[PDB]
Amino acid sequence: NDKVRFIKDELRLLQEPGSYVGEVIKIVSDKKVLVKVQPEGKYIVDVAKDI
Amino acid sequence: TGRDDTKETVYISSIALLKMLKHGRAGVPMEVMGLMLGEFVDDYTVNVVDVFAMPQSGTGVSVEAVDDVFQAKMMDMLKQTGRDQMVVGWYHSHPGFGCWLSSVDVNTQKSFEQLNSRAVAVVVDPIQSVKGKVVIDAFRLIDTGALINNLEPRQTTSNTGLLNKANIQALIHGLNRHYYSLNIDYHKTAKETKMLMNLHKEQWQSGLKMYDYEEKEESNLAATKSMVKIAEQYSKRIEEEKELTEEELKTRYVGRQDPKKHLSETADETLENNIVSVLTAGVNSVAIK
Amino acid sequence: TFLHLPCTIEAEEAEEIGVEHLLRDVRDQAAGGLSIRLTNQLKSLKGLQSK
Amino acid sequence: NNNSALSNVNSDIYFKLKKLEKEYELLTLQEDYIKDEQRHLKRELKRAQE
């Protein structure tokens with residue numbers, strides 16, 4: 001049972017959309033941060049609920 | 001208000017499904033323009049017997065992509081065979097985007113909404129359908145004035161109350177201001193069930209056939225040899241494994257692509273084959289002679 | 001006269017996707033594990049006799 | 001010390017323990033059920049890999 005749920009779990013997250021990676025250039029006081037994505041422009045984007 | 005405005009459970013038959021996928025996968029890149037023909041009952045149940053691809057166009061999706069000659073032509077000939085049904089909405093392909101209605105798709109939607117206010121717009125993306133429900137979803141206009149005054153949820157009774165959406169983006173932006181989303185279900189009979197599973201009288205035929213023994217003997221040797229080689233890996237593993245930390249065991253002596261595990265599966269596989277090979281052989285020897 | 005030919009199903013790509021999806025049964029025959037083929041062997045024998 | 005009570009045992013066999021012997025057949029029924037469950041999840045392994 002655990003083995004079937006995990007394979008479905010691997011599959012699940014592949015169906016979910018991709019992910020990226022940038023580096024924070026500066027901090028905004030609107031509860032946001034300014035990120036620069038490595039092949040892409042700057043974005044000011046909301047932050048995760050855990051930080 | 002004057003309607004219940006509760007989002008319909010969409011039961012698209014298995015006959016209809018097959019049609020809908022076929023027409024959108026064909027037309028890629030391109031948006032394919034069709035209509036849904038069924039019968040609306042209740043205040044929450046639509047049953048879609050069949051769908052029609054109206055002829056493909058180079059204007060994309062618009063109200064200036066409805067063709068009433070072509071619409072009528074379909075209708076008139078259903079009557080004549082007695083298979084008559086009425087529109088309950090319309091469908092279309094996105095050739096490489098997620099499921100949402102644009103503003104321009106909302107106005108196509110609007111033409112049918114005059115006809116009946118339980119008009120569904122179904123978006124198919126067939127480059128991402130490797131499963132039959134995935135990346136297909138049905139949407140329905142809500143009244144604009146229900147939005148202003150915040151009566152927008154009221155689809156949460158007469159339904160399962162579960163609602164699986166897909167994506168951030170355009171979806172949540174149109175959900176808010178235009179439409180209410182609800183899952184497409186798929187419905188089928190037991191006559192259809194037998195039709196798919198069954199594979200003629202050549203299905204039983206495969207199960208008494210024997211094969212060239214060059215390939216059988218070859219199959220055996222390959223598996224046999226394979227288990228010597230990863231079984232030296234297994235020797236290393238169970239020579240050690242006297243040291244604490246489970247993770248540390250998996251780096252050092254292996255436990256990531258674990259040798260005991262890989263051997264056991266391959267050993268079982270060829271063992272099951274050869275139980276079959278002798279059974280199917282001994283069956284034929286007695287049976288046919 | 002009418003002469004019989006092979007009446008095969010092989011399916012289209014398009015068709016395959018709706019067919020598996022609707023399916024939630026373990027199939028008449030699929031020929032997967034050993035369990036399916038042990039059933040199958042005995043089914044074949046009844047098959048040969050009927051023709 | 002010496003002696004006990006032999007009626008204390010004889011009483012429990014017909015009363016309480018007869019009910020519990022029957023209860024042990026309902027856990028035996030559980031065994032047959034999870035014999036199929038264990039095979040069913042082997043079939044479901046095949047389908048998740050495919």
# chains A, B, ... in the order shown; residues from 1 in each chain; ligands from 1
>>> interface_residues(of="chain A", to="chain B", cutoff="12 Å", atoms="only C-alpha atoms", output="number ranges by chain")
A: 12, 14-18
>>> residues_around(residues="residue 266 (chain B)", least_positions_apart="6", cutoff="10 Å", atoms="only C-alpha atoms", output="MDAnalysis selection string")
chainID B and resid 223:224 226:227 272
>>> interface_residues(of="chain C", to="chain D", cutoff="9 Å", atoms="only C-alpha atoms", output="ChimeraX atom specification")
/C:26,32-33
>>> write_last_selection(atoms="N, CA, C and O atoms", output="mmCIF file, in the first residue's frame")
data_model
loop_
_atom_site.group_PDB
_atom_site.id
_atom_site.type_symbol
_atom_site.label_atom_id
_atom_site.label_comp_id
_atom_site.auth_asym_id
_atom_site.auth_seq_id
_atom_site.Cartn_x
_atom_site.Cartn_y
_atom_site.Cartn_z
ATOM 1 N N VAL C 26 -10.824 -4.657 -13.968
ATOM 2 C CA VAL C 26 -9.496 -5.327 -14.204
ATOM 3 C C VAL C 26 -9.337 -5.959 -15.598
ATOM 4 O O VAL C 26 -8.288 -6.600 -15.822
ATOM 5 N N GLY C 32 -1.196 -9.356 -17.867
ATOM 6 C CA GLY C 32 -0.208 -8.709 -17.003
ATOM 7 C C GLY C 32 0.612 -9.623 -16.091
ATOM 8 O O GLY C 32 1.556 -10.238 -16.469
ATOM 9 N N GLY C 33 0.205 -9.806 -14.801
ATOM 10 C CA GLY C 33 0.759 -10.755 -13.887
ATOM 11 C C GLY C 33 0.479 -12.164 -14.304
ATOM 12 O O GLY C 33 -0.310 -12.493 -15.202
#
>>> interface_residues(of="chain C", to="chain B", cutoff="8 Å", atoms="only C-alpha atoms", output="PyMOL selection string")
chain C and resi 8-9+14-15+17-23+27-29+34+37-38+40-41+43-45+47
>>> write_last_selection(atoms="N, CA, C and O atoms", output="compact mmCIF listing (two decimals), in the first residue's frame")
# COMPACT_ATOMS: atom_id res chain seq x y z
N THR C 8 -10.19 -6.77 -36.55
CA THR C 8 -9.30 -6.29 -35.58
C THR C 8 -9.68 -4.94 -35.03
O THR C 8 -10.18 -4.14 -35.75
N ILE C 9 -9.29 -4.72 -33.79
CA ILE C 9 -9.22 -3.47 -33.12
C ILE C 9 -7.75 -3.40 -32.86
O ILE C 9 -7.12 -4.35 -32.41
N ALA C 14 -6.09 8.81 -30.23
CA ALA C 14 -7.12 9.65 -29.71
C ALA C 14 -8.06 8.86 -28.85
O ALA C 14 -8.41 9.30 -27.80
N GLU C 15 -8.36 7.64 -29.38
CA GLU C 15 -9.33 6.80 -28.78
C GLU C 15 -8.82 6.20 -27.49
O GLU C 15 -9.63 5.85 -26.63
N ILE C 17 -7.02 7.10 -24.96
CA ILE C 17 -7.09 8.01 -23.81
C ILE C 17 -8.38 8.03 -23.10
O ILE C 17 -8.43 7.97 -21.84
N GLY C 18 -9.55 8.07 -23.88
CA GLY C 18 -10.86 7.97 -23.28
C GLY C 18 -11.06 6.55 -22.88
O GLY C 18 -11.65 6.29 -21.84
N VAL C 19 -10.55 5.52 -23.57
CA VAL C 19 -10.91 4.09 -23.30
C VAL C 19 -10.47 3.55 -21.94
O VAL C 19 -11.26 2.89 -21.22
N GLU C 20 -9.17 3.82 -21.58
CA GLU C 20 -8.48 3.49 -20.32
C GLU C 20 -9.14 4.27 -19.12
O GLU C 20 -9.09 3.79 -17.99
N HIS C 21 -9.58 5.50 -19.41
CA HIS C 21 -10.07 6.41 -18.40
C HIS C 21 -11.35 5.98 -17.83
O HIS C 21 -11.54 6.04 -16.62
N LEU C 22 -12.29 5.51 -18.75
CA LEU C 22 -13.57 5.05 -18.42
C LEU C 22 -13.52 3.74 -17.69
O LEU C 22 -14.36 3.42 -16.80
N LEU C 23 -12.43 3.02 -18.04
CA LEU C 23 -12.10 1.71 -17.54
C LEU C 23 -11.68 1.89 -16.09
O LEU C 23 -11.06 2.84 -15.65
N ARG C 27 -10.32 -5.66 -16.51
CA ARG C 27 -10.31 -6.06 -17.93
C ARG C 27 -10.57 -7.59 -18.04
O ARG C 27 -10.15 -8.42 -17.22
N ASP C 28 -11.30 -8.04 -19.15
CA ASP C 28 -11.57 -9.40 -19.59
C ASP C 28 -10.30 -10.11 -19.71
O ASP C 28 -10.05 -11.13 -19.06
N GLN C 29 -9.31 -9.56 -20.43
CA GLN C 29 -7.97 -10.17 -20.54
C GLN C 29 -7.04 -9.04 -20.72
O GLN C 29 -7.40 -8.03 -21.26
N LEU C 34 0.98 -13.08 -13.43
CA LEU C 34 0.82 -14.52 -13.57
C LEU C 34 -0.62 -14.98 -13.33
O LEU C 34 -1.06 -16.00 -13.88
N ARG C 37 -2.76 -14.66 -16.35
CA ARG C 37 -2.46 -15.58 -17.41
C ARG C 37 -2.76 -17.00 -17.07
O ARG C 37 -2.67 -17.92 -17.83
N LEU C 38 -3.08 -17.24 -15.80
CA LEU C 38 -3.46 -18.54 -15.32
C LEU C 38 -4.92 -18.84 -15.46
O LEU C 38 -5.33 -19.97 -15.74
N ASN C 40 -6.17 -17.09 -18.01
CA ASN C 40 -6.22 -17.03 -19.44
C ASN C 40 -6.07 -18.38 -20.15
O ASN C 40 -6.64 -18.67 -21.14
N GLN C 41 -5.18 -19.22 -19.56
CA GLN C 41 -4.85 -20.53 -20.08
C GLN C 41 -6.02 -21.45 -20.12
O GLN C 41 -6.26 -22.12 -21.13
N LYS C 43 -9.18 -20.24 -19.85
CA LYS C 43 -10.13 -19.59 -20.75
C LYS C 43 -9.97 -20.00 -22.21
O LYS C 43 -10.98 -20.28 -22.89
N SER C 44 -8.70 -20.14 -22.71
CA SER C 44 -8.24 -20.52 -24.02
C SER C 44 -8.70 -21.86 -24.32
O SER C 44 -9.18 -22.14 -25.42
N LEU C 45 -8.64 -22.80 -23.35
CA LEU C 45 -8.96 -24.21 -23.56
C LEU C 45 -10.44 -24.30 -23.84
O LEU C 45 -10.99 -25.14 -24.53
N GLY C 47 -12.17 -21.98 -25.04
CA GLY C 47 -12.26 -21.32 -26.29
C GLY C 47 -12.14 -22.21 -27.50
O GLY C 47 -12.92 -22.16 -28.49
>>> closest_atom_pairs(of="chain A", to="chain D", cutoff="7 Å", atoms="only C-alpha atoms", output="CSV")
residue,atom,partner,partner_atom,distance
A:1,CA,D:41,CA,6.4
A:4,CA,D:45,CA,5.5
A:7,CA,D:48,CA,6.5
A:8,CA,D:48,CA,6.4
>>> residues_around(residues="region 37-46 of chain B", least_positions_apart="3", cutoff="7 Å", atoms="only C-alpha atoms", output="MDAnalysis selection string")
chainID B and resid 6:11 49:51 85:88
>>> atom_distance(atom1="CA of residue 140 (chain B)", atom2="CA of residue 78 (chain B)")
26.2 Å
>>> atom_distance(atom1="CA of residue 31 (chain B)", atom2="CA of residue 60 (chain B)")
5.9 Å
>>> select_by_dssp(residues="chain A", states="strand (DSSP E or B)", output="PyMOL selection string")
chain A and resi 22-27+32-37+42-46
>>> write_last_selection(atoms="N, CA, C and O atoms", output="compact mmCIF listing (two decimals), in the first residue's frame")
# COMPACT_ATOMS: atom_id res chain seq x y z
N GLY A 22 15.73 31.65 -8.66
CA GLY A 22 16.28 33.00 -8.89
C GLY A 22 17.20 33.35 -7.77
O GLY A 22 17.56 32.47 -6.94
N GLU A 23 17.50 34.67 -7.67
CA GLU A 23 18.23 35.16 -6.50
C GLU A 23 17.71 36.54 -6.28
O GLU A 23 17.52 37.39 -7.15
N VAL A 24 17.40 36.67 -4.97
CA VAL A 24 16.98 37.91 -4.37
C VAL A 24 18.02 39.02 -4.45
O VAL A 24 19.16 38.84 -4.01
N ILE A 25 17.57 40.09 -5.09
CA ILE A 25 18.36 41.27 -5.31
C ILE A 25 18.09 42.21 -4.22
O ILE A 25 19.06 42.78 -3.72
N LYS A 26 16.80 42.38 -3.71
CA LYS A 26 16.52 43.40 -2.73
C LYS A 26 15.25 42.97 -2.14
O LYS A 26 14.62 42.05 -2.57
N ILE A 27 14.87 43.70 -1.03
CA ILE A 27 13.71 43.29 -0.16
C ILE A 27 12.72 44.44 -0.27
O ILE A 27 13.09 45.61 -0.28
N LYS A 32 6.75 41.60 0.17
CA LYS A 32 7.17 40.97 -0.97
C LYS A 32 8.65 40.94 -1.02
O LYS A 32 9.26 41.52 -0.17
N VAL A 33 9.31 40.30 -2.02
CA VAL A 33 10.72 40.34 -2.23
C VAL A 33 10.96 40.47 -3.74
O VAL A 33 10.08 40.13 -4.58
N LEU A 34 12.13 40.94 -4.14
CA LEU A 34 12.42 41.14 -5.55
C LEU A 34 13.36 40.11 -5.91
O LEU A 34 14.47 40.04 -5.38
N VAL A 35 13.02 39.29 -6.92
CA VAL A 35 13.77 38.07 -7.22
C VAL A 35 14.28 38.29 -8.56
O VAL A 35 13.52 38.86 -9.29
N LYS A 36 15.54 37.86 -8.93
CA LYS A 36 15.87 37.93 -10.35
C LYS A 36 16.07 36.49 -10.81
O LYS A 36 16.97 35.85 -10.38
N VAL A 37 15.17 35.89 -11.62
CA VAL A 37 15.13 34.54 -12.28
C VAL A 37 16.20 34.61 -13.29
O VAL A 37 16.44 35.58 -13.94
N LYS A 42 13.17 40.46 -13.78
CA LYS A 42 12.98 40.65 -12.36
C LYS A 42 11.48 40.40 -12.11
O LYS A 42 10.63 40.69 -12.96
N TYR A 43 11.10 39.98 -10.91
CA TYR A 43 9.71 39.98 -10.55
C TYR A 43 9.63 40.29 -9.10
O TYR A 43 10.44 39.81 -8.38
N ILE A 44 8.57 41.02 -8.69
CA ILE A 44 8.27 41.25 -7.30
C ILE A 44 7.07 40.32 -7.09
O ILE A 44 6.13 40.31 -7.86
N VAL A 45 7.19 39.38 -6.13
CA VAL A 45 6.30 38.22 -6.14
C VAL A 45 6.20 38.00 -4.62
O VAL A 45 7.16 38.04 -3.79
N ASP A 46 4.93 37.54 -4.26
CA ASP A 46 4.69 37.16 -2.89
C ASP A 46 5.50 36.01 -2.38
O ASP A 46 6.05 35.11 -3.02
>>> atom_distance(atom1="CA of residue 10 (chain D)", atom2="CA of residue 27 (chain D)")
25.0 Å
